[PDB]
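Spelled out, the chains give:
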Amino acid sequence: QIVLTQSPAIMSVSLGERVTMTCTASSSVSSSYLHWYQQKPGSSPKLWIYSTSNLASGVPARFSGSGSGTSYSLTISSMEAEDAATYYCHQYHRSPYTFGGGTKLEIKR
Amino acid sequence: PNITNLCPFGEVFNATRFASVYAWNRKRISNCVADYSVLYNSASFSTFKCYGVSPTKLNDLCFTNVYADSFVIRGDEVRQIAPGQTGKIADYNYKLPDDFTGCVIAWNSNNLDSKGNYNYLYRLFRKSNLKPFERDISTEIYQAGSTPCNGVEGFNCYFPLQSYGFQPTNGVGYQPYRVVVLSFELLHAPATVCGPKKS
Amino acid sequence: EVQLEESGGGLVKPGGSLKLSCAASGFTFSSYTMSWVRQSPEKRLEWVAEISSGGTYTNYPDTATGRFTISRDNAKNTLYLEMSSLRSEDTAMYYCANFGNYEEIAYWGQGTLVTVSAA
């Protein structure tokens, strides 16, 4: 199988700016099989960005990103108070299904 | 007349292997009389979609220059094969003009293409849209910037194709579907293929 | 729909076998492939094992090849999952969700704490 690796472990990034996050793998997975959930603390994950380009319901068109091959990028526009959550990479192409390493997104005052 | 000539639509509809979408199989059928009732009267064909002519009067009319297009795609995008729609398959792998005079048949092939299976490709990146019925065959390292990269993939250098994970235990929309698109012209030349005449 | 109620969990012994039943109602279960995932406390997610409702097919990762069993029941719309000879290292909390079905993947379970105990 292919293990999903996240280049940054945690982002202690202040409020307002615009950064990017990366999902890296040992080989290309698909143009559109991967997706990202959002596990809130003490809750269940929810999917926003599917097909590596499209967006699920409830997204204010603020969360975006693009990529293909062995590395994919997910971008933001401007940080706000509700961005303090968790994100998980995914891959559905091989027999075995794995998840991303995860990033503990946090804001700084 | 006693005996009427017929052409083998069965081998088109019953074939062991189909071509991928980015290299779609194209065939020409002429000088035959093939019944069209047997197609939509069957049950295996999950989708029998077309508007230019009703199934009832398929056999009533006569046509010329029958062309058949065959390929295998993912289920969740069967809607994309129609006159005037967008999408990756509808822009970089196949094009359907709005002024389309033909019909579309699509059916599941879960037990014929499963494991798992990886040998499956399709065009992902292309300069722009395609002209109607264009065959888009090429192999180039598309670059998402201005720096020229050749020979090997690199940063902002992307591989044009991508495969499909047709796992045997997938749900609806992920199982491979076989699609056959029929096109023709309405007797612009001396008649070549007509319907079966009653006796 | 009412979002995939899982069978209640609890503390067990290292050597028992707990059963998780993800019964539900609200959408067709003859064409929706279910899946079981677990999360250990503050650790990456891991797909435990999935089922295929099209022909009720079983396939799941090789990290534990012979100790995972899934039984589907479309009649009363229930999803049994169990493991054989659970260990004290298998403490986690489990979700039953929808994988492989219609493109719009959603409806993760409410979660159930299935932990082990030694006291």
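Check the entry above for the structure.
Here is what the cut-offs are and how they apply
- Residues numbered from 1 in each chain as written, not as in the entry; some residues may be left out.
- Chains lettered and ligands numbered in written order.
- Heavy atoms only, no water.
- Helix = DSSP H or I, 4+ residues; strand = E, 2+ residues; numbered from the N terminus.
- Rg over C-alpha atoms; globule rule 2.2 N^0.38 Å.
- Buried < 20%, exposed > 50% of the residue type's maximum accessible area, 1.4 Å probe, protein only.
- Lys, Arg positive; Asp, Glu negative; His and termini not counted.
- Charge placed at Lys NZ, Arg CZ, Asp CG, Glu CD.
- Contact = heavy atoms within 4.5 Å.
- Areas by Shrake-Rupley, 256 points an atom, 1.4 Å probe, with all protein chains shown as cover.
- Disulfide = S-S within 2.5 Å.
- Buried area = accessible area lost by both parts, 1.4 Å probe.
- Salt bridge = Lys/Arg side-chain N within 4 Å of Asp/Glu carboxyl O.
- Polar contact = N/O pair within 3.5 Å; in protein donor to acceptor, adjacent residues only side chain to side chain.
- Nonpolar A, V, L, I, M, F, W, Y, C, P; charged D, E, K, R; others polar.
- Pairing = 2+ DSSP bridges.
- Axes fitted to C-alpha atoms, helices over the stretch in contact; angles between N-to-C directions.

1. Concerning the overall build of chain C
Working step 1: The helix and strand tally for chain C stands at zero helices and eight strands.
Working step 2: Traced from its N-terminal end to its C-terminal end, chain C shows the element sequence β-β-β-β-β-β-β-β.
Working step 3: Here the C-alpha radius of gyration of chain C, 14 Å, is about what a compact globule of 119 residues would show, namely 14 Å.
Working step 4: Expressed along its principal axes, the backbone C-alpha trace of chain C runs to roughly 40 × 30 × 30 Å.
Working step 5: Going through the 119 residues of chain C one by one, you find that 48% of them count as buried.
Working step 6: Within chain C, the 13 negative side-chain charges are centred at a point lying 9 Å from the centre of the 9 positive side-chain charges.

2. Structural notes on the overall build of chain A
Working step 1: A tally of helices and strands in chain A yields zero helices and twelve strands.
Working step 2: Helices and strands appear in chain A in the N-to-C order β-β-β-β-β-β-β-β-β-β-β-β.
Working step 3: Against the compact-globule benchmark of 13 Å for 109 residues, chain A has a radius of gyration of 13 Å, which places it among compact chains.
Working step 4: Each principal axis of the C-alpha distribution contributes one length, and for chain A these read about 40 × 25 × 25 Å.
Working step 5: Counting only residues that meet the buried cut, chain A has 52% of its 109 residues in that class.
Working step 6: Counted over contacts in chain A with a minimum sequence separation of 6, partners at least 24 positions apart contribute 53%.
Working step 7: Of the roughly 4900 Å² of accessible surface on chain A, 55% is carried by carbon and sulfur atoms.

3. Side note on the state of the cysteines
Residues and elements named next belong to chain A.
Working step 1: Throughout the structure, instances matching the rule amount to six disulfides over all chains.
Working step 2: The side chain of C23 participates in a disulfide bridge whose partner is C89; the two sulfur atoms lie 2.0 Å from each other. Taking the torsion about the sulfur-sulfur bond, which here is approximately -100 degrees, the covalent link between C23 and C89 counts as left-handed. A residue pair is termed long-range when its members are at least 10 positions apart, and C23 in strand β3 (residues 20-24) and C89 in the loop between β8 (86-87) and β9 (90-91) qualify at 66 residues.

4. Considering the interface of chain B and chain C
Think of interface size as the accessible area that goes away when the parts come together; that is how it is often given.
Working step 1: Between chain B and chain C, the residue contacts involve eight residues of the former and ten residues of the latter.
Working step 2: In total, about 690 Å² of surface goes out of reach between chain B and chain C, with carbon and sulfur atoms giving 50% of it.
Working step 3: The largest share of the area that chain B buries against chain C comes from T169(B), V172(B) and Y174(B), three residues that together contribute 65% of it.
Working step 4: Seen at the junction of chain B and chain C, the total is zero salt bridges.
Working step 5: Counting across the chain B and chain C interface gives six residue pairs in polar contact.
Working step 6: Each residue belonging to the side of chain B that touches chain C can be placed in one class, and the counts come to two nonpolar, four polar and two charged.

5. Topic: the interface of chain A and chain C
Working step 1: Taken together, the contacts link 19 residues of chain A with 17 residues of chain C.
Working step 2: When the two sides are added together, the surface that chain A and chain C hide from each other amounts to roughly 1500 Å², 61% of it contributed by carbon and sulfur.
Working step 3: Inspection of the chain A/chain C interface yields three residue pairs in polar contact.
Working step 4: Per-class residue counts for the side of chain A that touches chain C are ten nonpolar, eight polar and one charged.

6. A short note on the pairing of strand β4 (residues 102-108) of chain B
Residue and element names in this part refer to chain B.
Working step 1: Of all seven residues in β4, six are buried; the element is thus mostly enclosed.
Working step 2: Here β4 pairs with strand β9 (residues 176-185) via seven bridges, running antiparallel. Note on β9: the bridge partner recorded for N108 is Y177.

7. Observations concerning the sheet that holds β9(B)
All names here are of chain B.
Working step 1: Taken in spatial order, the five strands make up an open sheet running β1-β3-β9-β4-β2, and their pairing is antiparallel. Whereas interior strands pair on both sides, the edge strands pair on one side only; in this sheet they are β1 (25-29) and β2 (47-49). Across the sheet, the mean angle separating the axes of adjacent strands is 15 degrees when strand polarity is ignored.

8. Considerations on the sheet that holds strand β3 (residues 46-52) of chain C
Residue and element names in this part refer to chain C.
Working step 1: The five strands lie next to each other as β4-β3-β2-β7-β8, forming an open sheet whose pairing is antiparallel. Only two strands of the sheet have a single neighbouring strand rather than two, namely β4 (57-59) and β8 (112-114). Geometrically, the sheet is characterised by an average inter-axis angle of 25 degrees between neighbouring strands, direction not taken into account.
Working step 2: The sheet contact formed by strand β2 (residues 34-39) and β3 spans four bridges and is antiparallel. For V37, the partnering residue across the bridge sits in β3 and is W47.

9. Here we look at the pattern of salt bridges
Working step 1: Throughout the structure, instances matching the rule amount to nine salt bridges over all chains.
Working step 2: The residue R62(A) makes a salt bridge to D83(A) at a minimum N-O spacing of 3.0 Å. Of this pair, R62(A) sits in the loop between β5 (54-55) and β6 (64-68) while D83(A) sits in the loop between β7 (71-75) and β8; the two residues are 21 residues apart in sequence, bridging distant segments of the chain. Accessibility classification places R62(A) together with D83(A) in one group, the buried group.
Working step 3: A salt bridge links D69(B) to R26(B); the shortest N-O distance between them is 3.9 Å.

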